[PDB]
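First the structure, which I've put down as C-alpha cells, then a few questions once you've had a look.
Naming follows writing order (A, B, C, D and E), and every chain is counted from residue 1.
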Amino acid sequence: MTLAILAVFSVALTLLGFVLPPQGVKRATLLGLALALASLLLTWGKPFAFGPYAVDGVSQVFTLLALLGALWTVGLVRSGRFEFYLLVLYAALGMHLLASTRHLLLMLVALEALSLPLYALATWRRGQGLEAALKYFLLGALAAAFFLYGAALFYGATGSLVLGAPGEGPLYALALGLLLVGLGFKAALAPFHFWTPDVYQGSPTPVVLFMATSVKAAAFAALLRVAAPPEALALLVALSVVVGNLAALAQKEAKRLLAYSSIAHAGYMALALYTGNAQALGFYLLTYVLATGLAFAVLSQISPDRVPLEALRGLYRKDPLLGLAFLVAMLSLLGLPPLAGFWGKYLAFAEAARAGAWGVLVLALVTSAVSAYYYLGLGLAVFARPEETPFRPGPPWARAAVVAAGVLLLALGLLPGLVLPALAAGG
Amino acid sequence: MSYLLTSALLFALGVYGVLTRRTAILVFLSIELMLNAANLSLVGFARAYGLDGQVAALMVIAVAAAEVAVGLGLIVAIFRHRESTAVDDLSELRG
Amino acid sequence: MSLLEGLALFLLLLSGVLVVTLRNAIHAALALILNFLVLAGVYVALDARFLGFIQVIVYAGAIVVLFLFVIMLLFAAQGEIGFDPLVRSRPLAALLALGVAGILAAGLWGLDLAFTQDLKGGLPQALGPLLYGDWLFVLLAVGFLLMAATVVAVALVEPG
Amino acid sequence: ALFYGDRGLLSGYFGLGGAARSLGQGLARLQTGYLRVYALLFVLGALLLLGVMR
Amino acid sequence: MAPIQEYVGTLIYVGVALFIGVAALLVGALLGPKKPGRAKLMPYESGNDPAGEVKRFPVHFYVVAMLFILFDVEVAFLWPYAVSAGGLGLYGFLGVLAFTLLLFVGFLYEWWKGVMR
C-alpha cells in the first residue's frame, strides 16, 4: 500500500499547488517520499500482490533505492515551480510500477509514466538542454516501439503478456530480443549507449543524479524478470563496458565521462542477470546509487549546467568533507576494496562465474582496470591547485546527505553481512 | 498469419521512415506507424490467444496518445523560436 | 478473404511506403490516415470491431488531427531545408529496414498458429469485463499516465 | 645498454596505454552528435543482438 | 453483435456516396468558361497581403486538439463500461469512477491554469 500513498500525494498536490507556495509543495513532496520509504521499511518481509502489481524483495529494495535518489535530487532543487516536483513524483510512482510487475503491457505503461516527466525535467532551457531532451525523447519513443513489438511477439509466442511463460524457439528468442533492446537502451548498455553521454552532458546535474540513480535501479529491477540468453548477455556486456570505458577515456567533461562510466557500470551489473540472483544485484545497486547520488550532489554544488574536470580540483581545500566524499564515491564506482561498490562488483562477478561466462568476465575486468585511469583522474584531482571555478559550498542539507551517503557506502563495504542477509525475504 | 507478417513489414517501413526523415515530426509519425504495426500483431495474436491482445492494444493506443501529446509539446517548445526543425541542426553535444 | 484480404494488405503496405517516402508532411499524414482506415477495416475483419472504431476515433480522429494542427502552425511541409544530406545514409537506412524485416520474417517463418477462437466480435460488450477487471489496474495506470501527460505538456509550453 | 633497453620497454608500455586511449577516442568519435547517426547506430546494434541470439 | 452483411452494405453506402460526389465534381469542372487570368488567380484583396506574411499561428489550436485527444481516449475507455455496466457492479463503478476522477483532476489543473495563451 505504498503505491496508494504515492498516487494520493501526486493527485492531491496537483491541485494543491494552486493555493500552496512552491516551497510548501516541495516540503509536501519530501514528506510523502519519506513516508513511502518508511512504509517500505515497515513492510519488510511482507510481500503484497493485488493485480499484476506485486511487491517482493526486489520491489522493496529497488524502490527503496529510487526513493532515496528522488529525495536527494529533490533536496537540491529550489526552483519556484511546483511542477518541477510533480514530475519527480510521477516518475517515482512510474518506476515503482515498473519494478513491481511482470505484465509486459503494464510494464510499458509504467515505462511511459516514469519517462515522460523526465523529458520535461531535462529543460533548464539551456540550448544544449533542448538538444539533449530531443535526442532523449526520439530515441526513447523508438525504443518504446521496439519494446511494444517485443511484447506483441511475446503474446504471439505465448497466450499471456506476463513473463515466465514457457516460450518457443526462434520466435520466442526474437520476442526476448525485441524486449531486451528497449530494456538495455533504458539501462544505457552499448551499442545503445549513444544517448547517455549527450543526455548527461545536457541535463541539469541534480536531474542527472535522479536519472543515474533511480532510472538505472528500476531498469535493472525490470531486467531481472527477463530470461536473457547468455550469448546476448555476453555481447551486451562486452560492447557496453569496452565502449563505455574507452570513450570515457577521451571525455573532457565530467558529466559525459560519468555517462560513459555509467554505461560501463550497467555492463557490469548485467552480469548478475546471468543468474538473476537480485540479492547480489540489490546490493550492487544500493552501493552504486549511493555513490552516484553523492558524486552528482557534489557536481550540483559545483555547477548545475556543466562541470568540467578542472572544476573538481581544489575541492578538498574548498571543503575537505566534500573532497573526501567525492574521492570515496570515485573509488566505490571503481569497485575497489574494502568498499560496498567492490562488494557489489564481486557479487555480480560471482554470479557471472557461477554462470560459467569466463572470457566475458575477463574482458569486463580488463575494462574495469582501464576505468581506473579516469576514476583516479577524478578522485585525485580534488587535491590539485584550485583554478578559476564557481564553487557554492552547498547547504547543510546536501552536506549531510553526501556525508551520510559516503558513510553508508563504507559501512556496508566493511560489513555487508548486515544488510546483505536481508536482501532476500528480509529476516 | 498474413496479418502478422504485414505488421512486421509496417514496422520495417516505420523504421525506414525514422532513419530517412530529416524532420522530427515525420520521425515521430514513422514511430506512430511502428506502434500501429505492433497493435496489428497484437490483434492477430489476440484472435489467436483469446482477445486479451485487444485490451492490450487499447491500452497501447491510450499510451500512444499520451506520448504524442508530450512529444508534440516538446517539438513545439524546441522549434517555436528556432528555425527549420531539421535534427542535424543540433550538433552541440558530441563525444 | 484472400481476394479482398490481399487487396487490404497491399493498401496498408502502399500507405506505409507513402508515409515514409513523401517529403510533403501533409501528404504523409494523409497517407497515414488512409493506413489507419485500412487497418481498422482489417481489425473488423479480424473480429476486433470496437478496437477498430477506437483506432479511427482516437488515432485518426484525434491524434493525427493534432499532428496536422502542429504542422499547420509550423509550416514545415517542405522538410528538406537545412539538409545535412548524408546521402550515404539513404542506402544504409534502406538496408537497415530490409534487415529488421528479414529477422522478424525469420522469427515468424515456419510459424503456424491457431487463429480459431470465437472472439464474438471485439465488441465492448464482451471487452468491458476484461478492461474493468484483469485489466482494471492497467487501466488506472493508463489514466494516471494521461493526467501526467496533460500536466507535462501544460508546464512544457507555459511561456513565462 | 640494458638500462636504455629498460627505458624503452617502459616507453612501449606508455605506447600501449596510448593505443588504448586512441581506441577510446575513436569510440568517442563514434558519437558525432547527429541524432540520425545515433539512431542508425542504435538500429544497427539491435539487429546485431537479434542475430547473435541464434 | 450484428452480421457482416450490414458492414458490406456500409461499404456499398460509401462507394455510392463517393461515386455521386465524383459525378458532381466532373459536372462542375467540365461546365465552365475556362479563362484563367493572372489577377483572377491572385489569392485575394486588391494586389497582395490578404493574410500576407504572418508568423506561426497561435498554439491555442494545438492545446484544444491535444486536450481533445486525451479526453477522447477517456471517452474511448468509458464506452466499454457504458455498455457492460450492470454486471460490473459497484466494483466496476468504483474503478471507472477512479479513472474519470483522475482525468478530471488533470482537466481542473489545466483549467485553473487556463488557456487563453
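Throughout what follows, a contact is a pair of C-beta atoms (placed from the backbone, for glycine too) under 8 Å apart; a residue touches a chain by one contact, two chains touch by 3 or more.
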Intersection of contact partners for chain C and chain E: A, B
Rounded Å distance, chain D centre to chain E centre (Cα mean): 53
Length of the line joining the C-alpha centres of chain A and chain D, rounded to whole Å: 26
Between chain A and chain E, centroid-to-centroid distance (C-alpha), Å: 42
Length of the line joining the C-alpha centres of chain A and chain B, rounded to whole Å: 26
Sites on chain A at which at least two other chains make contact: 11, 14, 105, 109, 112, 116, 119-120, 123, 134-135, 138, 142, 153, 156, 170, 173-174, 197-198, 247, 250-251
Of all residues in chain E, the ones touching two or more other chains: 56, 59, 62, 66, 69-70, 72-73, 76-77, 102, 105-106, 109
Residue list for chain B, restricted to those that touch at least two other chains: 4, 11, 14-15, 18-19, 39, 44-46, 48-50, 52, 58-59, 61-63, 65-70, 72-74, 76-77, 80, 87-88, 90, 92-93, 95
Each pair of chains that touches, named by its two labels: A-B, A-C, A-D, A-E, B-C, B-D, B-E, C-D, C-E
Chain C to chain A touching residues, read off their complex: 103-104, 106-108, 111, 113, 134, 136-138, 141-142, 144-145, 147-149, 151-152, 155-156
Complex contact set, residues of chain C against chain D: 84, 86, 89, 92-93, 96, 99-100, 103
Touch list for chain D against partner chain C, complex: 34, 36, 40, 43-44, 46-47, 50-51
Residue ranges of chain A touching chain C (in the complex, touch as defined): 7, 10-11, 14, 50-53, 81, 83, 86-87, 90, 93-94, 97, 103, 105-106, 109-110, 112-113, 116-117, 119-120, 123, 153, 156, 170-171, 173-175
Chain E contact footprint on chain A (complex, rising order): 11, 14-15, 18
